[PDB]
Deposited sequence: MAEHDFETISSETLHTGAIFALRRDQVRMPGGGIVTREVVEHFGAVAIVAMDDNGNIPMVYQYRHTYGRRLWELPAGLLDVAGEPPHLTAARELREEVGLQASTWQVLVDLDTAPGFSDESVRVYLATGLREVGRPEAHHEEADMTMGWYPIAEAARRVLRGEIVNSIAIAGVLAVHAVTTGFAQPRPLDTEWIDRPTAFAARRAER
C-alpha cells in the first residue's frame, strides 16, 4: 500500500478531515487526538460509570470516565488520572493498562487506551457505581453501548473472573494517534 497524495478537507475543534489517494483508492480519514478511559475498580469489585449526553445519538449513554488527549506533550495516564479525578473525584494508587481499542478503524485514526485504576481514594471537595458482573450484564443486554465502555467493562470482567491479567503502564500503544496533534492548528 502507498499514500500518493494527502489533502486536508477540514480542520475542526477536535478533529481534521483528510483525503488520501492510496496504493488507487480514495481514503478519507478523520484525524483524532486519541483518548483515555478509566475502569476504576474499588476493593469490592465495583466500578464507577458516568451517564453523559452524546449529541451524535441524541441521548445519554453510560460510559467510563474518559477524555481526549488534547494536552500537547502530556502522558496518557496523567491525562487519565486527571479525568478520573475531575469526573468521579477519585485518586488511585495503582495504574495499569487494561485494554486499547481502535474505535472506528474504517474512517478515523482514533485509538483509545483504557486503564485499570485500583487502590482508590475519594479526593477533593450524574454517575453510578456498578458491580463488575452487573456492568457486564448491562453490556450483553445492550444497556451499555459506548464501545470504550464495552471494551473496558468486559475486559475488567475477564480479569475479575481470573481469565486475564492487567498489563504494565509502559505497554506499547501501537495506534496512539499523532497526526492531528502534529497539526497543532491553534493559537
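Against the full deposited sequence, the model leaves out several stretches, namely 1 to 5, 29 to 33, 136 to 145.
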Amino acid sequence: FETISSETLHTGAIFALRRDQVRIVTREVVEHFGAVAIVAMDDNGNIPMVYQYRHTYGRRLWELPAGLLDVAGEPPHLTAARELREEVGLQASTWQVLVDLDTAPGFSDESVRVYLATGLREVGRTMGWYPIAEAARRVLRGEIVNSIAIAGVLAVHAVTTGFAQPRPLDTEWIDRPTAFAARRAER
From here on, numbers count along this sequence of modelled residues.
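Between 41 to 49 and 144 to 152, it is 41 to 49 that carries the larger average Cα temperature factor according to the deposited entry.
Just going by the entry, 63 to 71 versus 24 to 32 on mean CA temperature factor gives the higher value to 24 to 32.
The PDB entry gives the largest Cα B-factor of the residues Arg125, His55, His157, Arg138 to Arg125.
When all modelled residues of the chain are sorted by CA temperature factor, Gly89 is found within the middle third. Per the deposited record, the Cα B-factor of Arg82 falls in the middle third when ranked against the other modelled residues of its chain.
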